[PDB]
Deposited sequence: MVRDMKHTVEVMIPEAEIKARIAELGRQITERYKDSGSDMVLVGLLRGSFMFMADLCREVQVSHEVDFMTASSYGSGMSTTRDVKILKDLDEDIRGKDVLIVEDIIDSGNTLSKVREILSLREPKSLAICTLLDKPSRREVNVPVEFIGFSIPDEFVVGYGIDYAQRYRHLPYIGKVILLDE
């Protein structure tokens, strides 16, 4: 609840072009696999990324969602997957990777269900804040240490509906 403004960091056209490329890369890697494929989105902030990405993934797959959230608290599952992922190619879809804490644990949890393969695709990556070494196979943008909003990403539950990635700039 602080006075601020929003400046564009990644224009709408830039995102669409990038996701189009991500789609080609993901398609190329999973096109020859004989197993089923699942895209797992991490609610709440990844609904928009998922919607645009899966339309660019030219491979027959399923779409599922799970909801997790963390002083230093445990990563708990508020909403689990609807479908089973055992023996399937699973691609986790996240909006942004900050410290890597949450996504590290989520990958550990899903790995217990023994999928055929397990990979991560995040739209934004903020490497300056990384605290845990987590392998990310697909990254849309590596971004500076700014607090970003838009495209499903929020600031105090605000600005999710923005078609672009903006950065919050404080005043005073």
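In this entry, the deposited residues absent from the coordinate set span 1-3, 74-79, 182.
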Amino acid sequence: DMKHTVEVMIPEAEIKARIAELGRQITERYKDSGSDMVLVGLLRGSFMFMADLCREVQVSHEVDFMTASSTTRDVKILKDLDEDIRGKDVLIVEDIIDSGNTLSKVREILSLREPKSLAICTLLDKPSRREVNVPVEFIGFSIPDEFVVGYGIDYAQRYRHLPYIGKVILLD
From here on, numbers count along this sequence of modelled residues.
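Coordinates for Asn101 are present in every one of the other compared entries of this protein that model residues on both sides of it, well short of the third needed to count it as often missing. Across the other PDB entries of this protein whose models span the neighbouring residues, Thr71 goes unmodelled in a third or more. In this entry, 27-35 has the higher mean Cα B-factor, the comparison being between 120-128 and 27-35. For the pair 91-99 and 71-79, the mean Cα B-factor is higher in 71-79. Ranked by C-alpha B-factor against the other modelled residues of its chain, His61 falls in the lowest third. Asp52: CA B factor in the lowest third of modelled residues in this chain (values from the PDB entry). Compared with the other modelled residues of the chain, the Cα B-factor recorded for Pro144 ranks in the highest third. Per the deposited record, the Cα B-factor of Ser46 falls in the lowest third when ranked against the other modelled residues of its chain.
When the modelled residues of the chain are ordered by C-alpha B-factor, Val134 sits in the highest third.
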